[PDB]
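Undergrad: Take a look at this one; I'll ask things after.
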Amino acid sequence: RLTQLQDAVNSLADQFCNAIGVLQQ
Amino acid sequence: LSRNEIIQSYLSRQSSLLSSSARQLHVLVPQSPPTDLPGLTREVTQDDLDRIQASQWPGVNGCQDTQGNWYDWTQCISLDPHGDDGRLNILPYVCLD
Amino acid sequence: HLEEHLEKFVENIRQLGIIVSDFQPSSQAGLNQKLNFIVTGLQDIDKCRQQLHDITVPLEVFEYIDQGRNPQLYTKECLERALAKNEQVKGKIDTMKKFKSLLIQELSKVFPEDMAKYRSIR
Amino acid sequence: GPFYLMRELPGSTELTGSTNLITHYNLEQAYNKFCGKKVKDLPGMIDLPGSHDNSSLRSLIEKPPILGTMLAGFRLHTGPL
Amino acid sequence: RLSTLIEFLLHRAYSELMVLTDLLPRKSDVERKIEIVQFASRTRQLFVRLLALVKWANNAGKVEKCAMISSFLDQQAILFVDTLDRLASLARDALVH
């Protein structure tokens, strides 16, 4: 459960990253 | 780092969605003003020890959920927070083999 | 103004010298001699007049001029490239703003508290 | 809550991409003249004022740009043939 | 300024061409000194045309550097966005760590 929560937080933060990357591209 | 291929981008959506995932959402739990040791200074109260062992305590022994189904820490809760077919899956908190 | 006229006179003197060399012995060699002397004197004048001014053009402008093209060519291509670049970054920013507005609508649909706090931000 | 939120608010700025890409430096007239010239060169003007141009000569001119009058008059006699 | 130095270099080249024409007419043949003088005159005319083109480039439209600076600013903004993305990448590296 807690590992899933950490992975979900990391994926949420990555979400920001991939979105912005796509935009600049 | 260019990426951005329709295929490369499409893989990203599936991988990210899999890790993450009518309300069927857990019952809201409010303020906890009396904590068992510091907040209420009720350390070793026998009722509390009896309640944790057999009674349903909303946050000490389990998660209430909506629809009334009660999920204990060992059990895995399947719930559907978004209004979509895909359902979030809280694996067991304790996972004692 | 005067420097351009001096350059045009030098070009005309060069054309006249070329025509005299290409033509016949009858053409007065003393005439071409006086023409070359006057051209040298005018160049010394072109210099003295243009010895303390401007100081700029540190660009491949010379390469474009020597690249069989005028500013009416290489400079136009450079300006078009700059315009394409500036139009593209504006499209970038506009698409970013659109995606931000979409996610703002979605997060407003998600939490009313977030709606209130972003209304306070706006 | 308001505390530990919105670390700072940016304010209003001018240097931004705008629909008037041409007026970033107010050259909306230079771009118009460029489009008009494209819809219509230096080598052409040189060939009209004189005759034509060349290649080795242009390279020599670029390299140069990067870098007894009575006796001269008399020295004319080369028997020019 | 720079145009003055270019004109001085052109005058020096013209003097060198005059000396070469002298040498050719002296040691050159009658049908050779004339050809050498014609070639030197063509070179001088090309240099004068190059000087006229340099004047036209120093004149005409004086915004080339402005457009170059605008393009450089746009490229700097794009590089700043890329640096922000790479900062997010190193931040998530620290996170997974």
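Residue numbers start at 1 in each chain; chains themselves are named A, B, ... in the order of the structure tokens; ligands are numbered from 1 in the order shown.
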Would you list which chain E residues are within 6 Å of chain D using only C-alpha atoms, as a list in words?

TA: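 Contact residues on the first chain: residues 6, 25, 30, 31, 34 and 47 of chain E.
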
Undergrad: Please save N, CA, C and O atoms of the selected residues as a PDB file, in the first residue's frame.

TA:
ATOM      1  N   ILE E   6      38.224  48.977 -45.082  1.00  0.00           N
ATOM      2  CA  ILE E   6      38.021  48.233 -46.321  1.00  0.00           C
ATOM      3  C   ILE E   6      38.444  49.055 -47.535  1.00  0.00           C
ATOM      4  O   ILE E   6      39.061  48.524 -48.465  1.00  0.00           O
ATOM      5  N   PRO E  25      54.201  44.976 -67.896  1.00  0.00           N
ATOM      6  CA  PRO E  25      54.500  45.795 -69.068  1.00  0.00           C
ATOM      7  C   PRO E  25      56.000  45.917 -69.293  1.00  0.00           C
ATOM      8  O   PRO E  25      56.452  46.085 -70.432  1.00  0.00           O
ATOM      9  N   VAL E  30      53.874  42.978 -75.305  1.00  0.00           N
ATOM     10  CA  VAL E  30      52.906  44.031 -75.683  1.00  0.00           C
ATOM     11  C   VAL E  30      51.473  43.500 -75.531  1.00  0.00           C
ATOM     12  O   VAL E  30      50.617  44.245 -75.023  1.00  0.00           O
ATOM     13  N   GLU E  31      51.241  42.254 -75.957  1.00  0.00           N
ATOM     14  CA  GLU E  31      49.902  41.631 -75.868  1.00  0.00           C
ATOM     15  C   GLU E  31      49.736  40.952 -74.505  1.00  0.00           C
ATOM     16  O   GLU E  31      48.748  40.211 -74.326  1.00  0.00           O
ATOM     17  N   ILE E  34      49.008  44.586 -71.656  1.00  0.00           N
ATOM     18  CA  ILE E  34      47.645  45.077 -71.813  1.00  0.00           C
ATOM     19  C   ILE E  34      46.640  44.142 -71.153  1.00  0.00           C
ATOM     20  O   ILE E  34      45.705  44.589 -70.479  1.00  0.00           O
ATOM     21  N   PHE E  47      36.356  45.101 -56.769  1.00  0.00           N
ATOM     22  CA  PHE E  47      36.534  45.637 -55.420  1.00  0.00           C
ATOM     23  C   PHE E  47      35.633  46.837 -55.173  1.00  0.00           C
ATOM     24  O   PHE E  47      35.074  46.992 -54.082  1.00  0.00           O
TER      25      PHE E  47
END

Undergrad: Could you pull out all residues of chain B with a DSSP call of strand (DSSP E or B) and give them as number ranges by chain?

TA: B: 62-63, 71-72, 77-79, 88-90

Undergrad: Those residues with N, CA, C and O atoms, as a PDB file, in the first residue's frame please?

TA:
ATOM      1  N   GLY B  62      -9.512  -0.530  10.839  1.00  0.00           N
ATOM      2  CA  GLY B  62     -10.017  -0.799   9.473  1.00  0.00           C
ATOM      3  C   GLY B  62     -10.355   0.428   8.652  1.00  0.00           C
ATOM      4  O   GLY B  62      -9.945   1.516   9.059  1.00  0.00           O
ATOM      5  N   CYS B  63     -10.973   0.247   7.480  1.00  0.00           N
ATOM      6  CA  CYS B  63     -11.465   1.385   6.654  1.00  0.00           C
ATOM      7  C   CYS B  63     -12.946   1.135   6.364  1.00  0.00           C
ATOM      8  O   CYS B  63     -13.246   0.072   5.792  1.00  0.00           O
ATOM      9  N   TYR B  71     -13.654  -3.149   5.389  1.00  0.00           N
ATOM     10  CA  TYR B  71     -12.394  -3.790   4.945  1.00  0.00           C
ATOM     11  C   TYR B  71     -11.353  -3.664   6.054  1.00  0.00           C
ATOM     12  O   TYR B  71     -11.022  -2.530   6.424  1.00  0.00           O
ATOM     13  N   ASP B  72     -10.857  -4.796   6.554  1.00  0.00           N
ATOM     14  CA  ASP B  72      -9.846  -4.783   7.641  1.00  0.00           C
ATOM     15  C   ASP B  72      -8.468  -4.518   7.037  1.00  0.00           C
ATOM     16  O   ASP B  72      -8.342  -4.603   5.807  1.00  0.00           O
ATOM     17  N   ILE B  77      -8.797  -3.399  -0.602  1.00  0.00           N
ATOM     18  CA  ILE B  77     -10.071  -2.687  -0.910  1.00  0.00           C
ATOM     19  C   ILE B  77     -10.118  -2.392  -2.403  1.00  0.00           C
ATOM     20  O   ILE B  77      -9.154  -1.810  -2.903  1.00  0.00           O
ATOM     21  N   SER B  78     -11.206  -2.764  -3.068  1.00  0.00           N
ATOM     22  CA  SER B  78     -11.363  -2.384  -4.491  1.00  0.00           C
ATOM     23  C   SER B  78     -12.405  -1.275  -4.535  1.00  0.00           C
ATOM     24  O   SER B  78     -13.528  -1.515  -4.077  1.00  0.00           O
ATOM     25  N   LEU B  79     -12.045  -0.106  -5.066  1.00  0.00           N
ATOM     26  CA  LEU B  79     -12.984   1.035  -5.051  1.00  0.00           C
ATOM     27  C   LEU B  79     -12.917   1.777  -6.388  1.00  0.00           C
ATOM     28  O   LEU B  79     -11.950   1.546  -7.124  1.00  0.00           O
ATOM     29  N   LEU B  88      -9.770   1.826  -8.789  1.00  0.00           N
ATOM     30  CA  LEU B  88      -8.543   1.965  -7.957  1.00  0.00           C
ATOM     31  C   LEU B  88      -8.420   0.720  -7.080  1.00  0.00           C
ATOM     32  O   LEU B  88      -9.462   0.165  -6.686  1.00  0.00           O
ATOM     33  N   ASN B  89      -7.193   0.324  -6.742  1.00  0.00           N
ATOM     34  CA  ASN B  89      -7.028  -0.943  -5.986  1.00  0.00           C
ATOM     35  C   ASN B  89      -6.063  -0.756  -4.816  1.00  0.00           C
ATOM     36  O   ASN B  89      -4.841  -0.880  -5.029  1.00  0.00           O
ATOM     37  N   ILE B  90      -6.604  -0.478  -3.628  1.00  0.00           N
ATOM     38  CA  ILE B  90      -5.745  -0.349  -2.415  1.00  0.00           C
ATOM     39  C   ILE B  90      -5.347  -1.755  -1.960  1.00  0.00           C
ATOM     40  O   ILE B  90      -6.212  -2.444  -1.397  1.00  0.00           O
TER      41      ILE B  90
END

Undergrad: Just to confirm, what's the straight-line distance from CA of residue 31 (chain B) to CA of residue 95 (chain B) in Å (one decimal)?

TA: 27.5 Å

Undergrad: As number ranges by chain, list the residues of chain B assigned to alpha helix (DSSP H) by DSSP on the backbone atoms of this structure.

TA: B: 6-20, 46-54

Undergrad: Could you list, with a cut-off of 10 Å and counting only C-alpha atoms, the residues of chain C near chain A, each shown with its nearest atom pair and the distance in Å rounded to one decimal, rows sorted by chain and ascending number, as a Markdown table?

TA:
| residue | atom | partner | partner_atom | distance |
| --- | --- | --- | --- | --- |
| C:89 | CA | A:24 | CA | 8.8 |
| C:91 | CA | A:23 | CA | 9.9 |
| C:92 | CA | A:24 | CA | 6.5 |
| C:93 | CA | A:23 | CA | 8.5 |
| C:94 | CA | A:23 | CA | 9.9 |
| C:95 | CA | A:23 | CA | 7.2 |
| C:96 | CA | A:23 | CA | 6.3 |
| C:99 | CA | A:23 | CA | 8.8 |

Undergrad: Would you kindly report the residues of chain E within 12 Å of chain B, using only C-alpha atoms, as a list in words?

TA: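 Result, ordered by chain then number: residues 82, 85, 86 and 89 of chain E.
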
Undergrad: Please return, as a PyMOL selection string, all residues of chain B lying within 8 Å of chain A when only C-alpha atoms are considered.

TA: chain B and resi 2+4+16+19-20+90-93

Undergrad: Env of region 12-23 of chain E: 6 Å cut, atoms = only C-alpha atoms, seq-sep filter 5 positions within chain, self excluded. Answer as a list in words.

TA: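 Counting only C-alpha atoms, the residues come to residues 36, 37 and 40 of chain E.
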
Undergrad: Please measure the separation of CA of residue 70 (chain B) and CA of residue 112 (chain C), giving the value in Å to one decimal.

TA: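 CA of residue 112 (chain C) lies 28.1 Å from CA of residue 70 (chain B).
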
Undergrad: Tell me, in Å to one decimal, how far CA of residue 98 (chain C) is from CA of residue 117 (chain C).

TA: 19.8 Å

Undergrad: Would you give me, as a Markdown table, each residue of chain C having an atom within 9 Å of an atom of chain D, along with its shortest atom pair and that distance in Å to one decimal, using only C-alpha atoms and sorting by chain and residue number?

TA:
| residue | atom | partner | partner_atom | distance |
| --- | --- | --- | --- | --- |
| C:15 | CA | D:50 | CA | 8.3 |
| C:21 | CA | D:80 | CA | 7.6 |
| C:24 | CA | D:81 | CA | 7.3 |
| C:25 | CA | D:80 | CA | 6.1 |
| C:29 | CA | D:76 | CA | 6.0 |
| C:30 | CA | D:73 | CA | 6.4 |
| C:32 | CA | D:73 | CA | 8.3 |
| C:33 | CA | D:73 | CA | 4.8 |
| C:34 | CA | D:73 | CA | 7.3 |
| C:36 | CA | D:73 | CA | 8.6 |
| C:37 | CA | D:69 | CA | 7.0 |
| C:62 | CA | D:62 | CA | 7.4 |
| C:63 | CA | D:62 | CA | 7.7 |
| C:65 | CA | D:42 | CA | 8.5 |
| C:66 | CA | D:58 | CA | 6.1 |
| C:67 | CA | D:58 | CA | 8.6 |
| C:68 | CA | D:43 | CA | 7.0 |
| C:69 | CA | D:42 | CA | 6.6 |
| C:70 | CA | D:42 | CA | 5.1 |
| C:71 | CA | D:42 | CA | 8.3 |
| C:72 | CA | D:41 | CA | 6.3 |
| C:73 | CA | D:41 | CA | 7.4 |
| C:76 | CA | D:34 | CA | 6.4 |
| C:79 | CA | D:31 | CA | 8.0 |
| C:80 | CA | D:31 | CA | 8.6 |
| C:83 | CA | D:21 | CA | 7.0 |
| C:86 | CA | D:21 | CA | 6.6 |
| C:87 | CA | D:21 | CA | 6.6 |
| C:89 | CA | D:17 | CA | 6.9 |
| C:90 | CA | D:17 | CA | 4.9 |
| C:91 | CA | D:17 | CA | 8.7 |
| C:93 | CA | D:17 | CA | 7.7 |
| C:117 | CA | D:2 | CA | 8.6 |
| C:121 | CA | D:6 | CA | 8.3 |

Undergrad: Write the residues of the selection above to a file with N, CA, C and O atoms, as a tab-separated table (two decimals), in the first residue's frame.

TA:
chain	number	residue	atom	x	y	z
C	15	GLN	N	35.80	51.08	-65.29
C	15	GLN	CA	35.21	50.67	-66.56
C	15	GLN	C	35.91	51.34	-67.73
C	15	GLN	O	36.17	50.71	-68.76
C	21	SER	N	42.09	49.64	-72.12
C	21	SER	CA	43.03	48.53	-72.26
C	21	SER	C	42.54	47.53	-73.30
C	21	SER	O	43.35	46.92	-74.01
C	24	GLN	N	42.25	49.94	-78.48
C	24	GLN	CA	43.38	50.02	-79.46
C	24	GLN	C	44.48	50.94	-78.93
C	24	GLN	O	44.23	51.67	-77.96
C	25	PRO	N	45.70	50.94	-79.53
C	25	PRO	CA	46.78	51.85	-79.14
C	25	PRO	C	46.41	53.33	-79.32
C	25	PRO	O	47.00	54.16	-78.65
C	29	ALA	N	47.23	56.84	-73.88
C	29	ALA	CA	47.74	56.26	-72.64
C	29	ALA	C	47.89	57.32	-71.56
C	29	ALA	O	47.74	57.03	-70.37
C	30	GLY	N	48.18	58.56	-71.96
C	30	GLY	CA	48.23	59.66	-71.00
C	30	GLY	C	46.86	59.93	-70.40
C	30	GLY	O	46.75	60.34	-69.24
C	32	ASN	N	44.47	57.59	-69.78
C	32	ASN	CA	44.29	56.58	-68.75
C	32	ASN	C	45.21	56.83	-67.57
C	32	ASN	O	44.86	56.54	-66.42
C	33	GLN	N	46.40	57.38	-67.83
C	33	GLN	CA	47.32	57.73	-66.75
C	33	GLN	C	46.72	58.80	-65.84
C	33	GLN	O	46.73	58.66	-64.61
C	34	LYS	N	46.22	59.88	-66.43
C	34	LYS	CA	45.59	60.94	-65.65
C	34	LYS	C	44.34	60.41	-64.95
C	34	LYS	O	44.03	60.83	-63.83
C	36	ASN	N	43.90	57.31	-63.81
C	36	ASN	CA	44.36	56.54	-62.65
C	36	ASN	C	44.87	57.45	-61.54
C	36	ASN	O	44.63	57.20	-60.36
C	37	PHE	N	45.57	58.53	-61.91
C	37	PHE	CA	46.03	59.48	-60.91
C	37	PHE	C	44.87	60.15	-60.20
C	37	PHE	O	44.87	60.29	-58.97
C	62	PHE	N	29.00	40.41	-44.64
C	62	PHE	CA	29.96	40.35	-45.73
C	62	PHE	C	29.88	39.02	-46.47
C	62	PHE	O	30.00	38.97	-47.70
C	63	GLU	N	29.67	37.92	-45.73
C	63	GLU	CA	29.54	36.62	-46.37
C	63	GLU	C	28.27	36.55	-47.22
C	63	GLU	O	28.27	35.95	-48.30
C	65	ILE	N	26.83	39.17	-48.64
C	65	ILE	CA	27.09	40.01	-49.80
C	65	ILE	C	27.96	39.29	-50.82
C	65	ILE	O	27.79	39.47	-52.03
C	66	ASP	N	28.90	38.49	-50.32
C	66	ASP	CA	29.83	37.72	-51.19
C	66	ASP	C	29.24	36.34	-51.48
C	66	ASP	O	29.92	35.54	-52.15
C	67	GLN	N	28.03	36.08	-50.98
C	67	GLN	CA	27.36	34.77	-51.20
C	67	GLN	C	26.34	34.90	-52.33
C	67	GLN	O	25.29	34.23	-52.26
C	68	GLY	N	26.64	35.74	-53.32
C	68	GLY	CA	25.74	35.96	-54.48
C	68	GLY	C	24.32	36.27	-53.99
C	68	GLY	O	23.37	35.61	-54.46
C	69	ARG	N	24.19	37.23	-53.07
C	69	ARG	CA	22.87	37.61	-52.51
C	69	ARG	C	22.98	38.98	-51.83
C	69	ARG	O	24.08	39.32	-51.34
C	70	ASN	N	21.90	39.76	-51.84
C	70	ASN	CA	21.87	41.11	-51.21
C	70	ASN	C	21.17	40.94	-49.87
C	70	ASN	O	20.77	39.81	-49.57
C	71	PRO	N	21.03	41.98	-49.01
C	71	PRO	CA	20.19	41.88	-47.83
C	71	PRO	C	18.82	41.50	-48.39
C	71	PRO	O	18.09	40.78	-47.74
C	72	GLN	N	18.48	42.02	-49.57
C	72	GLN	CA	17.21	41.62	-50.23
C	72	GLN	C	17.19	40.12	-50.55
C	72	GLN	O	16.44	39.76	-51.48
C	73	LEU	N	17.92	39.27	-49.81
C	73	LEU	CA	18.02	37.81	-50.07
C	73	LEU	C	18.38	37.08	-48.78
C	73	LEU	O	17.47	36.46	-48.18
C	76	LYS	N	16.67	38.71	-45.86
C	76	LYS	CA	15.26	38.32	-45.89
C	76	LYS	C	15.07	36.92	-45.33
C	76	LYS	O	14.13	36.67	-44.57
C	79	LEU	N	15.48	37.12	-41.54
C	79	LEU	CA	14.30	37.71	-40.93
C	79	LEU	C	13.13	36.74	-40.95
C	79	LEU	O	12.35	36.67	-39.98
C	80	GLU	N	12.99	35.96	-42.02
C	80	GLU	CA	11.92	34.97	-42.09
C	80	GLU	C	12.13	33.86	-41.07
C	80	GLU	O	11.17	33.38	-40.46
C	83	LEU	N	11.19	35.29	-37.73
C	83	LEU	CA	9.74	35.38	-37.63
C	83	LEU	C	9.12	34.01	-37.39
C	83	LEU	O	8.18	33.87	-36.60
C	86	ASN	N	9.76	33.20	-33.71
C	86	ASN	CA	8.93	33.95	-32.77
C	86	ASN	C	7.47	33.51	-32.85
C	86	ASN	O	6.78	33.44	-31.83
C	87	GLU	N	6.99	33.17	-34.06
C	87	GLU	CA	5.63	32.66	-34.18
C	87	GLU	C	5.50	31.29	-33.52
C	87	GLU	O	4.47	30.99	-32.90
C	89	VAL	N	7.22	30.04	-30.83
C	89	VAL	CA	7.21	30.10	-29.37
C	89	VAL	C	5.87	30.63	-28.86
C	89	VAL	O	5.40	30.26	-27.78
C	90	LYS	N	5.22	31.49	-29.65
C	90	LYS	CA	3.88	31.96	-29.29
C	90	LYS	C	2.87	30.82	-29.35
C	90	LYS	O	2.00	30.71	-28.49
C	91	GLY	N	2.97	29.98	-30.38
C	91	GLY	CA	2.13	28.79	-30.43
C	91	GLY	C	2.40	27.86	-29.26
C	91	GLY	O	1.46	27.29	-28.68
C	93	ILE	N	3.42	28.79	-26.22
C	93	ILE	CA	2.82	29.39	-25.04
C	93	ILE	C	1.30	29.29	-25.06
C	93	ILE	O	0.67	29.05	-24.03
C	117	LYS	N	-9.85	28.33	-4.21
C	117	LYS	CA	-8.50	28.85	-4.03
C	117	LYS	C	-7.95	29.39	-5.35
C	117	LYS	O	-7.19	30.37	-5.36
C	121	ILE	N	-6.80	33.08	-6.38
C	121	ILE	CA	-5.57	33.36	-7.11
C	121	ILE	C	-5.85	34.30	-8.28
C	121	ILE	O	-5.12	35.27	-8.50

Undergrad: Find the residues in chain E near chain C: any atom within 6 Å counts, using only C-alpha atoms. Write them as a list in words.

TA: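 Taken together, these residues fit the definition: residues 1, 2, 4, 34, 38, 41, 45, 48 and 71 of chain E.
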